Amino acid sequence: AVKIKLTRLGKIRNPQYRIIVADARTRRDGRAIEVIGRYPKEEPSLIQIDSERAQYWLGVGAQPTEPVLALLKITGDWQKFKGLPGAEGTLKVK
Amino acid sequence: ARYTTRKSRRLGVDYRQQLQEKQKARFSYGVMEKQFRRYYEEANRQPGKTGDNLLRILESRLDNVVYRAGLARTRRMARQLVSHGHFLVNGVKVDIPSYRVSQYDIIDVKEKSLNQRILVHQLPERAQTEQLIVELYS
Amino acid sequence: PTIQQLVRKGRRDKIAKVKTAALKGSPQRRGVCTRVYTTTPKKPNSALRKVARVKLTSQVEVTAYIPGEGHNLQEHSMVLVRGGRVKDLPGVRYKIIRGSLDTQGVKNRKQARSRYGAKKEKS
Amino acid sequence: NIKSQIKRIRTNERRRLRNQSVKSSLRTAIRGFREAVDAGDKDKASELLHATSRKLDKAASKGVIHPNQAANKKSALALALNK
RNA sequence: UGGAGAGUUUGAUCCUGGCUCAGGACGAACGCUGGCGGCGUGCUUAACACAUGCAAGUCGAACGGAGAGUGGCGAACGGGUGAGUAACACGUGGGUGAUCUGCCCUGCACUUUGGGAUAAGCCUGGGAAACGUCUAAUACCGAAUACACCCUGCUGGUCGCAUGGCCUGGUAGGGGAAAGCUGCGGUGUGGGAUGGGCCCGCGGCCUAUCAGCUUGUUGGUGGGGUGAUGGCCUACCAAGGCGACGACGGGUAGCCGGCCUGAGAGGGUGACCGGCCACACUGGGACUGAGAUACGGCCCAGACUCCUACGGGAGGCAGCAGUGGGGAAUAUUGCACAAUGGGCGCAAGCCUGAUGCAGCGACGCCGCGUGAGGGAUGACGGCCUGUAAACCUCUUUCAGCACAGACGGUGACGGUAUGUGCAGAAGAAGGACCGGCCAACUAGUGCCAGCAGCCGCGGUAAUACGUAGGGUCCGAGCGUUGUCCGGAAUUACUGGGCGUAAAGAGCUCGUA
RNA sequence: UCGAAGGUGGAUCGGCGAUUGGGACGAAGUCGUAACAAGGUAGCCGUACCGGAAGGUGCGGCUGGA
Ligand SMILES: [Mg+2]
Ligand SMILES: [Mg+2]
Ligand SMILES: [Mg+2]
Ligand SMILES: [Mg+2]
Ligand SMILES: [Mg+2]
Ligand SMILES: [Mg+2]
Ligand SMILES: [Mg+2]
Ligand SMILES: [Mg+2]
Ligand SMILES: [Mg+2]
Ligand SMILES: [Mg+2]
Ligand SMILES: [Mg+2]
Ligand SMILES: [Mg+2]
Ligand SMILES: [Mg+2]
Ligand SMILES: [Mg+2]
Ligand SMILES: [Mg+2]
Ligand SMILES: [Mg+2]
Ligand SMILES: [Mg+2]
Ligand SMILES: [Mg+2]
Ligand SMILES: [Mg+2]
Ligand SMILES: [Mg+2]
């Protein structure tokens, strides 16, 4: 129904994604409902997410896509929503 | 495009007068007219005197620095050195004469290159003619 | 005018005259060669000017001026057509590109080469 | 063609003949109601409402007629019956 | 937070007033000429016709069976093009007490009970080709139960913006469903989220050489109808609606965020990228469904083209490649699902010409290379040049061959970018213009040959033509045509005029 | 019952057309000399009739008339 995607806004051989809430039907670079966060070309991948909005959209029932579900599990908004004891604490930059 | 004494001989200093000061300013620093056009349009966007910003941008060029540094005689001699990559900037190979160094930029030389590492304290003001070249355009 | 008089009827733009109508908003246009002849020019100018009638693919027939010195152009040969006036000849507003398609470049020409389509001789 | 369209053509013959049958059965039920009302026959027409209003909402339960349509039929029959 | 001008009517002058130049750009095209990287871009004309392969399949945790076949979801999304449309189509604003929503999650209650068939499989006919008898299911069906829910009657309170809403209001009548097999599901009903649908306020091209148009037309009442309000439709009464603030006609047109220009206000355009609309050979339908202009569905009618053993059939690139035409002009019948998005499945996976990339074209915007020092009585050579070369050392970016080699059980890009090594200048410069405007000057042809953006140059000494030197200006580009804005206060709202320059109706009366 | 397409008197819009009418530009070859000076009869406006052609003459007007 509603789904948390990634959308490829970069130049050639240099992708930058922004983590977008949208419909399943929409084209990849289409209209979002809301831009939550952003996110792979770094020694440490750059991941930023609004923790408040992620809990809202997951609480409604926005299904994460498979590679976004990794990023939510890393940063630990998935474990706040699910309520399982793995908790949060990851990332850094440098 | 690289140009590759007489061109200076016509000007001296080795609309009639306007073009001649631009011509020495261009063929001194070894710039092509399209690149010289770009530095003017950046200079007028910046604050202060629009003419005085132009000489700051031309003096900032990495090969110009070599000429001032005196590592290589004759600004055209440094073109042969820089593009060949002998020089280094913050531990990175700059193979580019158009590199404009900012404040706190560390220019070292590569190991070998056998034929002394001076630092940039700020971008120098005009004290360290522009009003012809400003009145040339626009 | 009064400002109410502008509200009733506005300010019309002045109607623009299109310059070269036969080309139909294209830079070049092909065509056959239906006559080849000479004319005397207008004015204190005097000479023989080579001219040709070209039916364009656009199906419009108009005079053209062959630039350069001497030409092949026989009857029923295919010819590009440029634009740009020759002001001695009255009416004549098009030109035939030289060295393109059938129209061969001018012989022995070593200066202003690009305009006349002469290939550079052996470097 | 070439596709699984060949399968979904075979379904749309099957599933039409189901829905055509139920839609037609509602018409004859609703038709026979109105002839009872226009006669001035109260006790027969009062029975035929509970016959038809049963049959309408069962067709909504199939997923044929859609419940808002099924409701607005039952509303029209009951307001006809009261007079 | 920015607003230049110049030439040309005359013997000369001032004004009015066109025409032409300097500037910036482009989905560009031609010539002459090209060395490689990075990065976007590429049928604007014929919505012209299409040969070939691929562009939507998937599940054996539903089912017989032994790939095909029934069944469930998907196929309405993704992608294409601009024909149509001057309209609630679009752009911004609201309204929905006038309504729908599969999948998704997250409350509550249930998943009771029985039957009848039909493909596959066998045996027939039909033909070049291709589309009569049996057995299962989460296929399809009689019931039961459900008090949430739908319908009708009588009545309580409150809210207000009138129909009316809401409190699952309280009552008492009548009715609504389902599926099971190895952890996923299935019906009903509250709520939330998504997507829509339908109305209206205003906004946005040309035309009166288009002045009248309308009869389901404008309204009402009772019915039909839709998810829903409505002449949406239909039967009877009423006689109204729209228009000088441009109705009804004719022409052109996808609309917009934007993009080019300008100091602005404006003018032009709607490429790529991102929304909304319409259409899928041409027209008219409906079916299935939660949802349909249903590209790669169905039916009928037409136009056009293929196969044929002449009995019969089949098909529509405005998917991606590609082909032929038309054009001054626009690309490979590429690789891969590794990455992000989507569909199905419990999952492993399996599809994806979406997408990520590669090739090709200087089509555009950037960035680097073609050498760096020293070098004179200034060799020779060409013409009335040049510290350049000659010649003395030197550096090796890109190109060349070698070795290592990616960041994003396994990567298309790719043995690629990239680094470290071996020598040697070796493999690398064009194109315009030089009468004045507007940077740069001197030596065959005779008003012929020719040049030219406007002045105007050629009728025997040419800084203007044709060639050779010498110089400028730009340089992997340089010139020329085509188009739009500017200069243009030259449609003037900002910002003009009308005695004689173009411009006061011949004069008065008077409706809007 | 509605209903595409296909059948068989006007409205609007265009292509070709024997032939014919004026316009522009070109060389200037004939026929004149109408306008600019009282241009050798002041010129021009509005009609009217006439003439190879510029033009001529009536009626009223005007100064942009010596
Ligand atoms: Mg009703
Ligand atoms: Mg003069
Ligand atoms: Mg219209
Ligand atoms: Mg469904
Ligand atoms: Mg159109
Ligand atoms: Mg202006
Ligand atoms: Mg059709
Ligand atoms: Mg239906
Ligand atoms: Mg197709
Ligand atoms: Mg389909
Ligand atoms: Mg194609
Ligand atoms: Mg203007
Ligand atoms: Mg004026
Ligand atoms: Mg008057
Ligand atoms: Mg004719
Ligand atoms: Mg006279
Ligand atoms: Mg006289
Ligand atoms: Mg007179
Ligand atoms: Mg007479
Ligand atoms: Mg008189």
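Cβ: placed from backbone, ideal geometry, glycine included. Neighbour counts: every protein chain shown. Read-outs: derived from the displayed coordinates by stated rules, not from any lab.
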Which listed residue, of C:49, C:30, C:35, C:8, is among the charged types (D, E, K, R), more than 16 Å from ligand 8 (Cβ to nearest atom) and farther than 20 Å from residue C:75 by Cα: C:8
Can you spot a residue in the stretch C:48-62 that is part of a loop (DSSP other than H, G, I, E, B), surrounded by 11 or more Cβ atoms within 10 Å (Cβ to Cβ) and hydroxyl-bearing (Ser, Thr, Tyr)? yes
So which residues in the stretch A:36-66 are outside any loop (DSSP other than H, G, I, E, B) and either of a type in the set (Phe, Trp, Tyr) or more than 16 Å from residue A:2 (Cα to Cα) (or both)? A:38, A:48, A:51, A:52, A:56, A:57
As an exercise: evaluate residue C:96 against (1) more than 6 Å from RNA strand E (Cβ to nearest atom); (2) more than 11 Å from the chain's Cα centre (by Cα) and give the number of the one condition it does not meet. (2)
Residue match in the stretch B:119-132 (condition: hydrophobic (A, V, I, L, M, F, W, C), more than 14 Å from every other protein chain (Cβ to nearest Cβ) and within 13 Å of residue B:57 (Cα to Cα)): yes
